[PDB]
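What you see below is based on every heavy atom in this structure, not just the backbone, and it leaves out hydrogens, waters and symmetry mates. Below, read A as the first sequence line, B as the second, and so on, with proteins coming before strands; counting in each chain starts at 1.
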Amino acid sequence: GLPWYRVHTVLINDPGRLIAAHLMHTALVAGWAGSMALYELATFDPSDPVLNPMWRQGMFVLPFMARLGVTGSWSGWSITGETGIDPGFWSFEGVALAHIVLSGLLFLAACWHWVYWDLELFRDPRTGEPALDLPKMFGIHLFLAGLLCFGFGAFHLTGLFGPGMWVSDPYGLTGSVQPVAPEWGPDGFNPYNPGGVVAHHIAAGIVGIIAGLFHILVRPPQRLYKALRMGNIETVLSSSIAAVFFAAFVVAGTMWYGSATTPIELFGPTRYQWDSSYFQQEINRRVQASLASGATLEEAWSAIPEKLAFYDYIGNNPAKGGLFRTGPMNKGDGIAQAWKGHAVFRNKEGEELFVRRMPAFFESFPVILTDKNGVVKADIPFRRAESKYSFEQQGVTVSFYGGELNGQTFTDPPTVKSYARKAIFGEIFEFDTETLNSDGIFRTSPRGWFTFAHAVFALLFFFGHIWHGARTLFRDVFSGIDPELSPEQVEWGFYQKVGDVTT
Amino acid sequence: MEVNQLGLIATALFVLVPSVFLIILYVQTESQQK
Amino acid sequence: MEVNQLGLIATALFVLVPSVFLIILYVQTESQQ
Amino acid sequence: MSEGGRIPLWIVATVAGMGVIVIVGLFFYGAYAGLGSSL
Amino acid sequence: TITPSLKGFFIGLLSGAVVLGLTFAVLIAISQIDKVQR
Amino acid sequence: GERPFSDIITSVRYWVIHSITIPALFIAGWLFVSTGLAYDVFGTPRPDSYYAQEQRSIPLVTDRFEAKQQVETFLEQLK
Amino acid sequence: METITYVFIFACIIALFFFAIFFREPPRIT
Amino acid sequence: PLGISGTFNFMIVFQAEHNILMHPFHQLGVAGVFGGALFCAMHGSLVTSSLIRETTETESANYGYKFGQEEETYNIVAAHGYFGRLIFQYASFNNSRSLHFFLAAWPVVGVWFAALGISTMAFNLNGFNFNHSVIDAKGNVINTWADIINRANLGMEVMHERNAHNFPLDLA
Amino acid sequence: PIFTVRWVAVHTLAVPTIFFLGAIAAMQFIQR
Amino acid sequence: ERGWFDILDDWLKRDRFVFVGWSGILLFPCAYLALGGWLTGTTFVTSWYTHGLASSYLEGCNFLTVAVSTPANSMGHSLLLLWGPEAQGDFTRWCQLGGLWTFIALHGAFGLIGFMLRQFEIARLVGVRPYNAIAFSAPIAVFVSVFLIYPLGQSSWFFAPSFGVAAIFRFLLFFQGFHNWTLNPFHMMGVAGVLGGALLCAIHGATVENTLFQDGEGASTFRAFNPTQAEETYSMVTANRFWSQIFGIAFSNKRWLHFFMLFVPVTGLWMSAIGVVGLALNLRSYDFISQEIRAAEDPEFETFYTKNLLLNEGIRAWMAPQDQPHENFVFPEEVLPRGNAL
Amino acid sequence: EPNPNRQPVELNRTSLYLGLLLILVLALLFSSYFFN
Amino acid sequence: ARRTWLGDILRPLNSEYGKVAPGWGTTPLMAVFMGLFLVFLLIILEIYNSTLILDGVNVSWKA
Ligand code: CLA
Ligand code: CLA
Ligand code: CLA
Ligand code: CLA
Ligand SMILES: CC1=C(/C=C/C(C)=C/C=C/C(C)=C/C=C/C=C(C)/C=C/C=C(C)/C=C/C2=C(C)CCCC2(C)C)C(C)(C)CCC1
Ligand SMILES: CC1=C(/C=C/C(C)=C/C=C/C(C)=C/C=C/C=C(C)/C=C/C=C(C)/C=C/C2=C(C)CCCC2(C)C)C(C)(C)CCC1
Ligand SMILES: CCCCCCCCCCCCO[C@@H]1O[C@H](CO)[C@@H](O[C@H]2O[C@H](CO)[C@@H](O)[C@H](O)[C@H]2O)[C@H](O)[C@H]1O
Ligand SMILES: CCCCCCCS[C@@H]1O[C@H](CO)[C@@H](O)[C@H](O)[C@H]1O
Ligand SMILES: CCCCCCCS[C@@H]1O[C@H](CO)[C@@H](O)[C@H](O)[C@H]1O
Ligand code: OEX
Ligand SMILES: [Ca+2]
Ligand SMILES: [Cl-]
Ligand SMILES: [Cl-]
Ligand SMILES: [Fe+2]
Ligand SMILES: [Mg+2]
């Protein structure tokens, strides 16, 4: 009989049951989307988009609904923190309901096509054998894909007939769904320009319509039909798998580096924003502008939004997690409650000292403080007997500006050392570690988890492409080579051209 | 030891679902006419 | 709700073990001549 | 002439091998002198 | 406005086309001279 | 087909040709180093060119787009 | 519960060794 | 130690105390097991590539072989003709006896050398030491990748068995 | 002038190899 | 008059000492440039400006210590094209900036594509199934995950492996100290496939060689085989009985045996590639949370797992300042973790 | 009408033993990380 | 086989199985579009990589 890894090949010459199987797969995927959204709604806390946004809570499909304009709940909240909004039917709950109903309808259609597999449509009128004209099917489906792609760009993303898409300022403070006009200049190919996303779908959509019409109306060259085995449906499986692993690598890349379609309020900040101190630079720029205008130090730091400070914290860096540290980021460091304010460290002489921040590479990191010129001025020693830079020897204090601890100063060395240990993570926050029984160990964000799954799946699908591409091009020898393979074709000197009996 | 509480069900289903898949296939192979 | 931590594995095996027993028997019946 | 076997293969192999021994020996000498010798 | 890196892009592009063009012209030329007998 | 390698390298003609070309290539490679040209083609420091006489800092490149000028500056500091 | 789980899987493996050796499909020359 | 993490502990301490990575017998060991795995995949794929057709599209090709049959089940001339063109003709084995001797010899010899590496570093004849081997004209040490290995080895050395050493040299 | 693929392949490897070996030989006499 | 494409196809597929094929148009330039780049760099090119390291024969390194090192961390994931905005056409600067690293990695990647395409092309011409090509997907998955995906998840090419013997050793130790890579179950499956593959190689070769039929009079038995012969040269029946009695189980199907020899090392390498994709994101198997909770509360609880984390912490602190020079780490002596005396 | 594309499925005893070994050993390997 | 109303409507769209254009057909044109597509991918890759840097194209969150 068929071995276990070949059971599904019974569909190769049965178009009706292949459609049924594809219907069942589609029902399962849509049901997953609906189920996933319901589970997230049952667990999502909407009360604080500043310090407990979705990406702290392990939300995976919630950001994809928000990306395209579904931002509100039938229960009255919005993911931007509004109250008393009417989202209409197309709330998070409505989207989930729609997918569950779709799943059921697809399931019923699968049953029908499985029972009534022997449709005259699937037979070649000439031979009476099962037959799919795959070249024309490609044209039909490409034309349809072009129309949907165009309409998505021209009506949905523009807001012309639809909600638009999520856009934000460069620091992810004021994101919202907005209509977006196409960008038709070279900045349309900038991955951080959302107008390029709109222009892409308009232009690529029109191209897909034109190419679709071409592939509907023009037959394949005999040379290409033969060489790509266009009568063999497994050729389509090979090149489709290749297209799909290409796409999977691309979405993994744009998720990890960031783009207009992976905004930080939906998926969390990138690792590179920590690497380049992106948020720390903007915080310092605002502080210095406040000071230049006459603000006191307390005022300058108090003018920094908690949300901005929270981005400047390594517990939100997606490169700080672990493969088996499961669940939301809140399960690790806790549910963030409030910024404690900016810690300023000084030695007994009064010089400001700066805690050396932890790089993403390091599970643990020492506590070392330098002056503005990078000279080491204090640390927490390991060996004590020859310590020279201890906080006790150097009289290190810490003062807080902004946040909960604004205006307070600590001098007790263990307390000063505890704050310094928090400062290697960037800005310091107070966390609720009890509600989830958090363990204090960093986890990655949806940005991290999406990237991992899609890079892994992309690589695995490379094998699938190779496998089915081989199966297509070597179909005649799938069960073995010619029982009487002429030694003249495999031994040297007999033929001038390899594998050519006429040479 | 404070282990993950879902570790037990995860391991149990990891063993049982594919093992049962194979047992089904084996037994219905043995029962086919010989 | 503070439910018993063993409730899940208890319910899962309670369903799965006898259910798979029946599926094994059904399938090898179908495959008989 | 292009005729093969005029120069016996065993002499070719012996001479080539000794050349290899010489060049590799020079490299080991260089490990103890000049750059890379730690001195 | 053609930036230096755009000029560099064109240099890379033409360079690659030349390598490929010459490769195929040579291969085609050799294959036309040195034909297989049937 | 082509002649076996064992026929080629045991022939007088092969060794007449290669008693000239092999030593010539060897000596050219020798001179490529012994004249110091290899240093300047590849930009490799000579033993007296890793550091200036008193400098204690390795000339690590820190700027992506002016790294070219950065190396050029590091080299003029050797004086 | 973790120790029981580890020892259970180990014990199943040892049982499988027993069946795979003594209750193998016998090699037959045809 | 007789355990999985204990094995890694043994390996890391061994690297700190013997620089085993820089020992040529361990390098031969790696060539043995990397090469053994490569030739395993190679031999497996070449014989599988040349199975003689004995089954239909829905049967496993393994049923094309009957235990104890007198005829070989694959076409070694076909396999050789493929492999000789992949590299070059003389790089391939056409003699099954030479081929299978090679498959035995390569991993066995390499692992012999692996075992002799451990058994001779057992008496503290250790891996190559190129620490500070490259020096500039004044005498500044110019680091190489060997010096970076040394920095990692030092971290292993100073931390292992953190309460056991009272005197400055770890002499066993 | 009749070249073959084998001749070309041989010399793309052999010619640089001898040149490189002369270079590495000379390096053995460099002093800091 | 057949057309130029078919004339070219003829010449490309002529039976010659080294087969060319359409795949050779990609394979031979890229493989040659990858190999030539490595030999050039390890012979002549420094790593002073990218790493503060000497790395060539010209500088005094030996075969174990030469390398073509990765570019400086400040280059990011720049393609570092010779004509690109960093080297701006200057070959000398390009070498000093690390351009040979991306040169070798990228030409090597396309060379590996060309080689697998060659395996398909030759298999199709001689009429065998392309399992050899399928087996080669494991080397490709390893190369792509380790030399491309891993650095692309990190801050820059700088943390990719550098092309050298000792440089690769450093990469191993970095992965222990920073990733606890030995604890990773995907690496463990990789180890199982490589060691199991080496085991299968040795045991199969030895078994054939010790169940040979006497097919000649020589005491050296290699000559008593003819490639065209119909009969098995060794006794499958005797081999099966021996292993059944020694080990408990034995192969009985020669086709399954050889497919299993493909399956085991190929699957192992694929699993290791998956773990490295995780490490690209620092998604490590670094800790067991239950172990850390117990150890943090109970200072008498110790396992080999906690012992190895102390080793890792030593590795990180002692190697990071010279291994990551762009970080400008200064770790005063007093902060370095050290046990007693050492 | 009966579908002519159906085929019986098979798993012989050796394959059962091989599969159970794979599953049980994978479980023995991954369970520690599931418990964490 | 079973005829249906929708099946009869769709019949012409699945009626030219195996039909081909002679010889090389539109292969040369296809090759042109493939070449253009390759260059396009190279452009967007090098813009994202900052190997190709264009006036007014700031590849950053700040644009
Ligand atoms: C006004 C015209 C217009 C505009 C403004 C856009 C705008 C855009 N296009 Mg679109 N496009 C258009 C017309 C347009 N397009 C037309 C007419 C077509 C033909 C149908 C296309 C087909 C097209 C494709 C195929 C792609 C775009 C993409 C994009 C986005 C590029 C920025 C980016 O993030 O790329 C990121 C992607 C890249 C930089 C390409 C990477 C190429 C890889 C490296 C090649 C090798 C892949 C392979 C699997 C190897 C993996 C190895 C790895 C494991 C190491 C941007 C939104 C890209 C996109 O969707 O990004 C999200 C994209 O892939 N467009
Ligand atoms: C693209 C896939 C994908 C991604 C990126 C996410 C991402 C996320 N999920 Mg979701 N989820 C998914 C699919 C996905 N999910 C599916 C299909 C289901 C139904 C099962 C769910 C059900 C789900 C629930 C119930 C929850 C999440 C949660 C989360 C968040 C934490 C995830 C975590 O801890 O993983 C941890 C990752 C692992 C432990 C990795 C598993 C590695 C496997 C076992 C390897 C197996 C190896 C194999 C056996 C070897 C074969 C070898 C052989 C071939 C030889 C994160 C945002 C959590 C959350 O916070 O929600 C608010 C949460 O509670 N997800
Ligand atoms: C669009 C994607 C796609 C599709 C439609 C197919 C379809 C097919 N494959 Mg291919 N393949 C793919 C991708 C795909 N494959 C990928 C990504 C890989 C690498 C992982 C492969 C590697 C592969 C091999 C080696 C073989 C096939 C074979 C087949 C044929 C028989 C399938 C079968 O009976 O399995 C039956 C499967 C089971 C009974 C159990 C599988 C359980 C898996 C291992 C774990 C469970 C997965 C989980 C339920 C869902 C995950 C989904 C999502 C996360 C991706 C069928 C044409 C076979 C063939 O060619 O026969 C002639 C064959 O030998 N495929
Ligand atoms: C087939 C063999 C082959 C392949 C695949 C590569 C591939 C590569 N080379 Mg190598 N190289 C080769 C042979 C090859 N090379 C040879 C023989 C030499 C010696 C001359 C070199 C010397 C070399 C150097 C010195 C460098 C490279 C570099 C590179 C990389 C960048 C190349 C690039 O961006 O080109 C871009 C150009 C193209 C892709 C050509 C496009 C041709 C298209 C298809 C024409 C179609 C036009 C279309 C119909 C109309 C569009 C018109 C347009 C104006 C709108 C890439 C990995 C660079 C590198 O590695 O950086 C680290 C680098 O610095 N190569
Ligand atoms: C019939 C009907 C109905 C109903 C419907 C429904 C109710 C449905 C549902 C559906 C559903 C409710 C579905 C679900 C699905 C799910 C799924 C499909 C899942 C899957 C999963 C997976 C595949 C996973 C995997 C994994 C794991 C487990 C671990 C980790 C790793 C991974 C991720 C791989 C209505 C009334 C409408 C009407 C019409 C008719
Ligand atoms: C990069 C580049 C390029 C290329 C170049 C090339 C292609 C080169 C080549 C080169 C070469 C191609 C070289 C070679 C060399 C070689 C050598 C250097 C060798 C040595 C050897 C030895 C030393 C041996 C040893 C041994 C062994 C191994 C084993 C046993 C025996 C004995 C011990 C003897 C171009 C221009 C395109 C562009 C720019 C960039
Ligand atoms: C939680 C674990 C759940 C896992 C669920 C596992 C699903 C397993 C489904 C296996 C289905 C097996 O499908 C079974 O195939 C066999 C042949 O192999 C069919 O059997 C058919 O073929 C055989 C042999 O030609 C005939 O003797 C038999 O009369 C005929 O009906 C059965 O009619 C079908 O029931
Ligand atoms: C207890 C030492 C003196 C006070 C030091 C406070 C550092 S900050 C402290 O850090 C904990 C870990 O993040 C958090 O859980 C908590 O919210 C926070 O208050
Ligand atoms: C290298 C790109 C491959 C594109 C192939 C296009 C072939 S084009 C094709 O070529 C034939 C020659 O073989 C001619 O007979 C024919 O007139 C011409 O149109
Ligand atoms: O035990 Mn286990 O490790 Ca051989 O060194 Mn000394 O002793 Mn202890 O230290 Mn290092
Ligand atoms: Ca607690
Ligand atoms: Cl230890
Ligand atoms: Cl001591
Ligand atoms: Fe064999
Ligand atoms: Mg020297």
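A heavy-atom distance below 4.5 Å is found between the side chains of J/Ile274 and A/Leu460. Taking 4.5 Å as the limit, some side-chain heavy atom of A/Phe64 sits within range of a side-chain heavy atom of A/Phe267. Between K/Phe35 and B/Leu8, some side-chain heavy-atom pair lies under the 4.5 Å cut-off. Side-chain atoms of A/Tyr311 and A/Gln273, non-hydrogen and from C-beta on, never get closer than 4.5 Å to each other. At a threshold of 4.5 Å between non-hydrogen side-chain atoms, the residues A/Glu352 and A/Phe345 do not count as touching. Residues A/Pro446 and A/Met59 are not in side-chain contact: their nearest non-hydrogen atoms beyond the backbone lie 4.5 Å or more apart.
Not one N or O on the side chain of A/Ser290 forms a donor-acceptor pair closer than 3.5 Å with the backbone of A/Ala295.
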Q. Checking ring pair (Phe, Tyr, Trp, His ring centres under 6.0 Å) for the pair J/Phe186/A/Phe452: CA distance, chi angles, key distance, verdict?
A. CA-CA 14 Å; J/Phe186 291 98; A/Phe452 175 59; 7.7 Å; no
Q | Verdict with reasoning, A/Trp449 to A/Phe60, per side chain to side chain contact (heavy atoms under 4.5 Å, CB included) | A | CA-CA 9 Å; A/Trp449 283 117; A/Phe60 188 53; 5.6 Å; no
Q: I would like to know whether A/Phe310 and A/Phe279 meet ring pair (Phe, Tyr, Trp, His ring centres under 6.0 Å); could you show each step before the answer?
A: CA-CA 9 Å; A/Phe310 195 47; A/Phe279 299 102; over 10 Å; no
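Counted by atom type alone, A/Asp45 and A/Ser47 present one or more donor-acceptor pairs between their side chains at under 3.5 Å. No hydrogens or angles considered: a donor-acceptor pair under 3.5 Å links the side chains of A/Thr80 and A/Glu82. Side-chain N/O atoms of A/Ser445 and A/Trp55 include no donor and acceptor closer than 3.5 Å. J/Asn282 and J/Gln154 share a donor-acceptor pair across their side chains, judged by distance under 3.5 Å alone.
Side-chain rings of J/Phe159 and J/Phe178 stay apart, their centers remaining 6.0 Å or farther from each other.
Checked options A/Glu427, A/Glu404, A/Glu430; the residue passing with A/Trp339 is A/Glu427 (criterion: side chain to side chain donor-acceptor pair (under 3.5 Å)). When A/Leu266, A/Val70, A/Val177 are each tested for a side-chain contact (heavy atoms from CB on, under 4.5 Å) with A/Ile79, only one passes: A/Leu266.
Between A/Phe442 and A/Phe425, the ring planes lie perpendicular to each other; the angle is over 60°, past the 30° to 60° tilted range. Between L/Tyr48 and A/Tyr192, the ring planes lie perpendicular to each other; the angle is over 60°, past the 30° to 60° tilted range. Between A/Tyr272 and A/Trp256, the ring planes are perpendicular. Angles over 60° get that label, and only those under 30° would be called parallel. Between A/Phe44 and A/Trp77, the ring-plane angle classifies as tilted under the 30° and 60° cut-offs. Taking the six-membered ring where the residue is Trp, A/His156 and A/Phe152 present tilted rings, their angle falling between 30° and 60°.
The distance from the CG atom of J/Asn180 to the CD atom of A/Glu363 is 8.5 Å, given to the nearest 0.5 Å. Atom-to-atom distance recorded for A/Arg443:CZ and A/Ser438:OG is 8.0 Å, nearest 0.5 angstrom. Annotation: the span from A/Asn317 atom CG to A/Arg447 atom CZ amounts to 11.0 Å, rounded to 0.5 Å. Between the CG atom in A/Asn330 and the CZ atom in A/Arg56 there is a gap of 5.0 Å [rounded to 0.5 Å]. Distance check: A/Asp48 CG to A/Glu306 CD gives 8.0 Å after rounding to the nearest 0.5 Å.
In this structure, L/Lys62 does not pair ionically with A/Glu282, as no charged nitrogen and carboxylate oxygen lie closer than 4.0 Å. Salt-bridge formation is not detected for the pair A/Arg325/A/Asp439: no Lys NZ or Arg NE/NH1/NH2 atom is positioned less than 4.0 Å from an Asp or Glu carboxylate oxygen. Between A/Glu265 and A/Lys307 there is a salt bridge, with a side-chain nitrogen of the basic residue lying less than 4.0 Å from a carboxylate oxygen of the acidic one. Salt-bridge annotation for A/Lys422 and A/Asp333: absent, with no side-chain N of the basic residue lying under 4.0 Å from a carboxylate O of the acidic one. In summary, A/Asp312 and A/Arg357 engage in a salt bridge, as defined by a charged side-chain N under 4.0 Å from a carboxylate O.
Atom CD of B/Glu2 sits in a sparse spot, with 12 or fewer heavy atoms from other residues, nucleotides or ligands closer than 6.0 Å. The number of heavy atoms from other shown groups lying within 6.0 Å of CZ (A/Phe161) does not exceed 12.
Taking all atoms of both residues into account, the shortest heavy-atom contact from J/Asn73 to J/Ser156 is OD1-OG, 2.7 Å. Closest approach of A/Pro318 and A/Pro269 over heavy atoms only: CD-O, 3.2 Å.
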